[PDB]
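The chain contents come next:
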Amino acid sequence: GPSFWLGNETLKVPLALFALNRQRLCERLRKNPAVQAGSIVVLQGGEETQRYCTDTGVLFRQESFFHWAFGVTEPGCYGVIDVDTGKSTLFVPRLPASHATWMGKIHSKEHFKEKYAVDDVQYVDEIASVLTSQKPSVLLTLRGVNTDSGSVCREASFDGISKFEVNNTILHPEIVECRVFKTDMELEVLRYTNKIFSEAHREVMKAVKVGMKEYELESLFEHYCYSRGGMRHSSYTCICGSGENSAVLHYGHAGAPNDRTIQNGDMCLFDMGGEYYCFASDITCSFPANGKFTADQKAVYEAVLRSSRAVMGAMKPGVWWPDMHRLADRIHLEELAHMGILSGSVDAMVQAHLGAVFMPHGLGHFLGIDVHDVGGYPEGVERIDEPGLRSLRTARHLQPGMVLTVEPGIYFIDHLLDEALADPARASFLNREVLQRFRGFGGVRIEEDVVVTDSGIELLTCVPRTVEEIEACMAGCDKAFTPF
Amino acid sequence: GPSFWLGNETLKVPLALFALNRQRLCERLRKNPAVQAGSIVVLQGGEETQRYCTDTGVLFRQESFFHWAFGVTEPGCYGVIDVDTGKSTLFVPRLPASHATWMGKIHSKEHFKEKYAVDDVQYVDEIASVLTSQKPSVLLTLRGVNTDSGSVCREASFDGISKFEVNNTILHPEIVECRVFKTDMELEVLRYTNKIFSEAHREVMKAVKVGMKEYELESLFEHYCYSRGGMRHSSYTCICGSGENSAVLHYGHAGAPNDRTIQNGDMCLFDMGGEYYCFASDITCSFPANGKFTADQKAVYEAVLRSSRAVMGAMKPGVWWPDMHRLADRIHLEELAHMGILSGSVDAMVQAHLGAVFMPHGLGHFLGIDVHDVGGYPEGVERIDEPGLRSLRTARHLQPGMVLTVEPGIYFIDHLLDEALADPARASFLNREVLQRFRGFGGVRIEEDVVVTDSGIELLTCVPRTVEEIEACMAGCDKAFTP
Ligand code: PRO
Ligand code: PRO
Ligand code: MH2
Ligand code: MH2
Ligand SMILES: [Mn+2]
Ligand SMILES: [Mn+2]
């Protein structure tokens, strides 16, 4: 069958991937006792948007559920699935003649049918007539709450939809659950995005020089990924945090746009990712700007390497993700105590939530079509109201087919350190004279992407990770990729 | 005073630029009979957005009128200007403590006052109280129609604004008119954006090889502009059209995403643009993929070079922009006839609107904080209902300080050609025996950015333009090498 491809060495993604997702969704819905025979899933694709009141176009990226089901890159579409038969119908815009001048060839419905390997293609202006002729019992539309943004998913609507029976509660939990478990075809794409991003991280480690701006490395990474990987869209704003900026967890946004000069002695924390055909990946590398770890840098870094690998080594089906987060906390505290930053009983430190002072974010998150992927907190799975754990993006137990980031870190964040020092329950653990040396250190984060298997995990990411590996990578002469 | 800067060799932009814009707006409003004493201009900045229902952030770019007035890069702000005194007050978000963990330092109001060189800074939630204390006669807010998108500008609103007198008709045409005329400080930024984009276009011409995907060149261009120019944001999606794709005017969007393999013999049309600190520029270079113009490519290309240079040489204050569009049409028709593609009376071709078959878009547009900048069709300036001319983004007369693109092109667009061949009014002008050779050629567009001056124009763009200059650039010749 057909495949999405951007030529050269980019990955061919079969449109069969989306057909399988549609099948899986129907299979799940058929088992839901509330689902009536004759139901039709109705999804609405994204539309082109512009900047404020201007005619400046925003680069179009498909809505994630719609992509998951159909893989359609064009704006202005709808897609429906007959639950009982699995039959798919794509609705495409009927375009004006002037499109051929400004935008490109006006493709036939048959072109789209072949391109997307759906059962039928119709024009958007006929959606009410077409669905009427199919005599559905109920239209199943998408409405629910994303548990990372708190936003409500936008339900499909079209002129005439008021004449149908519409249910907007059943679909969301079911399609979310399908997205949580990746098919082998989806995993192939995530292996590819990890390959390209792993290569680009290596090129950045090779190219970094003291005196560069953070954004120079962001730019190089993005250029490698687009020109060599076909990765055009960003799945999130890149974090290139040097020096004290590596303690700022989502550094790099408009308010803090990666314009610090990298200095001799800095630690760099490079959290850079993106997507291919709307499949995301998310990798973080930490390394000394000047290519040589100091003793302090080695100690902090190897603490996070230790928790990274202890978590990966423990992950397998049935493991509770919050237990992995607490495992990382305990290891960080042990290592910070060995360094002399902390003293006392690590058991007592854990009871006082001291780990969250050094790792205030969740250990890691589901990954898929969104970087913070859906389904972390389905009905019955509660957020834990404790420091650190409350920021976890899932409190689920692991099952085969889940894709997770594993991203422990240790940071020196002044307002958290200052809170802890003011609190007698935590202050006693902290050795102020040693900690003072680490003020302004920033932090270290090591982020791997993994898939849960029947027996453990498959690591998707492949970057240098030990101190010796990183130092060797940075000292390499072959860049093999020199734009100007 | 303070400046915006991204270090290295990027441009330092004084915040005085925005203070001057505020002063100019107040001076214009003071002369407006609809404006009473005690008025306050109220603008609302852009907010952060996310992709659909996800927590995936969209890179924040400031709303253009707000930027013009304040130069503020942070989301969630408001800004007000006392018309009588020019006093400026910036309102910034009151941030949660957790911001310090995830997003960065929580800056004081004094930090922002110093950063932006405004007269006062307050928190956004205090805006009703602060404006109440100033006892304004009326709040002047922004509402009007963008004549390229047809969208209505978003008017500022806040909790409690219903307790004020609000006027939303006065401000828009006045702040638009201010934006139409660039200050010397604004021109410095547009000289810089043209410098970086011109350099990046040269790098693309040097790097292009038969067999590359179009998007490889898009990527290289963007990398130059960001890493060397600090140009992070795109002001529109790059058009990297090879072969027949060069006849698709806004090629490169999600539906046609620059994924064609460049072939020997292709013409390339690279319309590649962007912005620095929300100041745009927009440049198009056309060139043979293999670095050597064929006779046919030279002829089409030099036809557009001729119209480009004729328009640039004719532009000056008082010139009616539609007359420049028709000048380009006449030159294209003359040159297409000199090539043997057309025959007959060129006067008759013009009367038949034949130029629009080959150039269906407007000759060029205002440029500024938006790539298609505001103010092309103020009240009383009408769109001309003729082929080609109806696509013009302004029908104004030129005045000093306007910034325009000059972007004639010639394309071979099958459905427009076929329409002309079916039309007895146009068909006889076309010589199929020669035209058939140009089917699938794509097209050529040459786009320069210029400033209208007292004496004519200032050309901002600096890229190779003659056949010899382009061939030298693609062969890796240094700059300052003069064929
Ligand atoms: O947002 C999150 O969950 C992770 C934490 C560090 C950066 N990304
Ligand atoms: O949109 C416009 O007015 C011009 C025409 C060619 C591409 N940009
Ligand atoms: O977390 Mn990246
Ligand atoms: O038109 Mn560029
Ligand atoms: Mn992550
Ligand atoms: Mn233009």
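Residues numbered from 1 in each chain as written, not as in the entry; some residues may be left out. Chains lettered and ligands numbered in written order. Heavy atoms only, no water.

As recorded in the entry header, the structure was determined using X-ray crystallography to a resolution of 1.39 Å.

How we decide: UniProt positions are given in the numbering used here, feature names are shortened, and annotations may be inferred rather than shown by experiment.
Looking at the PDB entry, chain B carries the name Xaa-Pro dipeptidase, with the source organism given as Homo sapiens. If you open the UniProt record of chain B and go to Catalytic activity, you find "Xaa-L-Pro dipeptide + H2O = an L-alpha-amino acid + L-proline". Recorded under Subunit, the UniProt text for chain B is reproduced unchanged: "Homodimer."

The name given to chain A in the PDB entry is Xaa-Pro dipeptidase, with Homo sapiens as the source organism. The Subunit field of the UniProt record for chain A holds the comment "Homodimer."

**Notes on the packing of aromatic side chains**
Applied cut-off: Aromatic rings from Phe, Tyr and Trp, with only the six-membered ring used for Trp, were paired whenever their centres fell within 6.5 Å, and each pair was classed as stacked if the ring planes differed by under 30 degrees, edge-to-face if by over 60, and tilted otherwise. Comment: elements are numbered from the N terminus, with helices defined as DSSP H or I runs of at least four residues and strands as E runs of at least two. Relative accessibility thresholds used throughout: buried, under 20% of the residue-type maximum; exposed, over 50%; partly exposed, between the two (1.4 Å probe, protein chains only). For a ring to carry a charge above it, either NZ of a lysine or CZ of an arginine must fall within 6 Å of the ring centroid while also lying within 35 degrees of the normal to the ring plane.
For the structure on display, the rule yields 32 aromatic pairs over all chains. Between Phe484(A) and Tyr224(B), the ring centres sit 5.2 Å apart and the planes meet at 85 degrees, which makes this aromatic pair edge-to-face. Residue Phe484(A) is found in the segment after α16 (467-474), and its partner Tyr224(B) is found in helix α8 (residues 214-229); the two belong to separate chains. Its relative accessible area of 33% is what places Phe484(A) among the partly exposed residues. Ring plane angle 75 degrees and centroid distance 5.9 Å describe the contact between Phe158(B) and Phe164(B), whose orientation is recorded as edge-to-face. Here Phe158(B) matches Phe164(B) in class, with each residue buried. Its guanidinium or amino end placed over the ring of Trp5(A), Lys12(A) lies 4.5 Å from that ring's centre, counting from NZ or CZ. Over the aromatic face of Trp5(B) sits the side chain of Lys12(B), whose NZ or CZ is 4.5 Å from the ring centroid.

**Some words on the site of ligand 1**
To keep it simple, the criterion reads: Whether a residue is near a molecule or strand depends on its heavy atoms: it is near if one of them lies within 4 Å of it. Polar contacts, as counted here, are pairs of nitrogen or oxygen atoms within 3.5 Å of one another; within protein the pair requires one atom able to donate a hydrogen and one able to accept it, and residues that are adjacent in sequence qualify only if both atoms are side-chain atoms.
Close to ligand 1 lie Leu249(A), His250(A), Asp271(A), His361(A), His372(A), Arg393(A), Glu407(A), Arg445(A) and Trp102(B), which account for all nearby residues. One finds residues of chains A and B in close proximity to ligand 1. One nitrogen or oxygen atom from the side chain of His250(A) is found 2.9 Å from an oxygen atom belonging to ligand 1. Contacts to ligand 1 include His372(A), whose side-chain N or O atom sits 3.4 Å from an oxygen atom.

**What to know about the UniProt feature "binding site: Mn(2+) 2" in chain B**
Residue and element names in this part refer to chain B. Test applied: Residues are treated as being in contact if the distance between any of their heavy atoms lies within 4.5 Å.
Following the UniProt record, one finds the feature "binding site: Mn(2+) 2" at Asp282, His365, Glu407 and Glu447. What stands out for the annotated residues spanning 166 residues is how close their C-alpha atoms remain, the widest pair being 10.7 Å apart. Within the element layout of this structure, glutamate 407 appears in the loop between β12 (403-406) and β13 (409-411). In this structure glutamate 407 touches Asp271, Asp282, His361, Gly362, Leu363, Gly364, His365, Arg445, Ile446 and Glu447, once residues within four positions along its chain are discounted. Examined against the element boundaries, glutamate 447 turns out to sit in the loop between β14 (443-445) and β15 (448-452). Owing to a relative accessible area of 0%, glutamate 447 belongs among the buried residues under this scheme. A polar side-chain atom of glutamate 447 sits 2.8 Å from a polar atom in the side chain of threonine 284.

**Observations concerning the coordination of the manganese atom of ligand 3**
Residues and elements named next belong to chain A. Here is the rule we go by: Keep in mind that water is not among the atoms, so a site may look incomplete; donors are the N, O and S atoms within 2.8 Å of the metal, or 3.2 Å for Na, K and Ca.
Here the manganese atom of ligand 3 is held by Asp271 (OD), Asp271 (OD), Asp282 (OD) and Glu447 (OE), and the distances to it run 2.2 to 2.4 Å. In the primary sequence, the donor residues of the manganese atom of ligand 3 line up as D-x10-D-x164-E. A separation of 3.2 Å is found between the manganese atom of ligand 3 and the manganese ion (ligand 5), both of which receive a donor from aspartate 282. Here the residue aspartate 271 occupies a position in strand β10 (residues 267-276), and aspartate 282 occupies one in strand β11 (residues 279-288), the gap between them amounting to 11 residues. Judged by relative accessible area, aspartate 271 falls into the buried class, the value being 4%. Taking relative accessible area as the criterion, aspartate 282 reaches 4% and is therefore assigned buried.

**Considering the interface of chain A and chain B**
Applicable threshold: Put simply, buried area is how much 1.4 Å-probe accessible surface two parts lose in total, over both of them, once they are put together. Each reported salt bridge corresponds to a side-chain nitrogen of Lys or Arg within 4 Å of a carboxyl oxygen of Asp or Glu.
At the interface, 72 residues of chain A touch 77 residues of chain B. Between chain A and chain B, a total of about 6000 Å² is buried, with carbon and sulfur atoms accounting for 54% of that surface. If you sort the residues of chain A by the area they bury against chain B, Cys53(A), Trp102(A) and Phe484(A) come out on top, with a joint share of 14%. At the surface where chain A touches chain B, the tally comes to six salt bridges.

**Some thoughts on the packing of helix α9 (residues 295-314) of chain A against helix α10 (residues 321-338) of chain A**
When two helices pack together, their arrangement is given by the angle between their axes and by how far apart the axes lie. Residue and element names in this part refer to chain A. Rules: Working convention: axes come from line fits to C-alpha atoms, limited for helices to the stretch in contact. Angles between N-to-C directions cover 0 to 180 degrees. An angle below 35 degrees is treated as roughly parallel, one above 145 as roughly antiparallel, one from 65 to 115 as roughly perpendicular, and anything else as oblique. When the near helix sits turned anticlockwise from the far one by under a right angle, the crossing is termed left-handed; a clockwise turn instead gives a right-handed crossing. Following the grouping adopted for this structure description, the nonpolar residues are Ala, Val, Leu, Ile, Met, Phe, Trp, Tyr, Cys and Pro, the charged ones are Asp, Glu, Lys and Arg, and the polar ones are all others, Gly among them.
Contact geometry for α9 and α10: axes closest at 9 Å, N-to-C directions at 150 degrees. Compared by their axis directions, α9 and α10 come out roughly antiparallel. Crossing handedness for the pair α9 and α10: right-handed. Between α9 and α10, the residues in contact are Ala303, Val304, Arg306, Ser307, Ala310, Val311 and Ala314 and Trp321, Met324, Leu327, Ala328, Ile331, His332, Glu334 and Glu335, respectively. Counted by class, the contact of α9 with α10 contains 10 nonpolar, two polar and three charged residues.

**Quick look at unusual backbone geometry**
Trans peptide bonds make up most of the peptide bonds, and negative phi angles are found at most residues other than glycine. Notably, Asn8(A) is not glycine yet its phi reads approximately 45 degrees, a positive angle. Examined against the element boundaries, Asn8(A) turns out to sit in the loop between β1 (3-4) and β2 (13-14). Despite not being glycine, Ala117(B) has its phi angle at roughly 55 degrees, a positive value. Within the secondary structure, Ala117(B) sits in the loop between α4 (109-116) and β6 (120-123). Classification of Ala117(B) as partly exposed rests on a relative accessible area of 38%.

**Section: the coordination of the manganese ion (ligand 6)**
Residue and element names in this part refer to chain B. Within the first shell, the manganese ion (ligand 6) binds the protein through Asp282 (OD), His365 (NE2), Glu407 (OE) and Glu447 (OE), at distances of 2.1 to 2.3 Å. Counting gaps between the donor residues of the manganese ion (ligand 6) yields the pattern D-x82-H-x41-E-x39-E. A separation of 3.2 Å is found between the manganese ion (ligand 6) and the manganese atom of ligand 4, which share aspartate 282 as a coordinating residue. Taken together, the residues span a long stretch of sequence, with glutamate 407 in the loop between β12 and β13 and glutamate 447 in the loop between β14 and β15 at a distance of 40 residues. Here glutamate 407 falls in the buried class, since its relative accessible area comes to 8%.

**A closer look at the sheet that holds β10(A)**
Residues and elements named next belong to chain A. Put simply, the rule reads: Strands qualify as paired when DSSP identifies two bridges or more between them.
Strand order in this open sheet of three strands is β9-β10-β11, and the pairing throughout is antiparallel. Pairing within the sheet leaves two strands with one partner each, and these edge strands are β9 (239-242) and β11. Sheet twist, expressed as the mean angle between neighbouring strand axes with direction ignored, is 10 degrees. Sheet topology places β9 next to β10; four bridges connect them, and they run antiparallel. By the bridge assignment for β10, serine 242 is matched with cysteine 268. Helix α7 (residues 184-207) contacts β10 and β11 of the sheet and is inclined by roughly 25 degrees relative to β11.

**Some details on the domain arrangement of chain A**
All names here are of chain A. Just so we agree on the cut-off: A domain assignment, automatic or from a database, supplies the domain bounds used here.
By domain assignment, chain A separates into domain 1 (1-180) and domain 2 (181-484). The centre of domain 1, based on its C-alpha atoms, is set 34 Å off from the matching centre of domain 2. In this assembly, 34 residues from domain 1 lie in contact with 32 residues from domain 2. On inspection of domain 1 and its partner domain 2, the count reaches five salt bridges. Inspection of the region where domain 1 meets domain 2 yields 19 residue pairs in polar contact. Elements represented by at least two residues in the side of domain 1 that touches domain 2 include exactly β2, α1 (16-30), α2 (64-70) and α6 (171-180). When its residues are assigned to classes, the side of domain 1 that touches domain 2 shows 19 nonpolar, nine polar and six charged.

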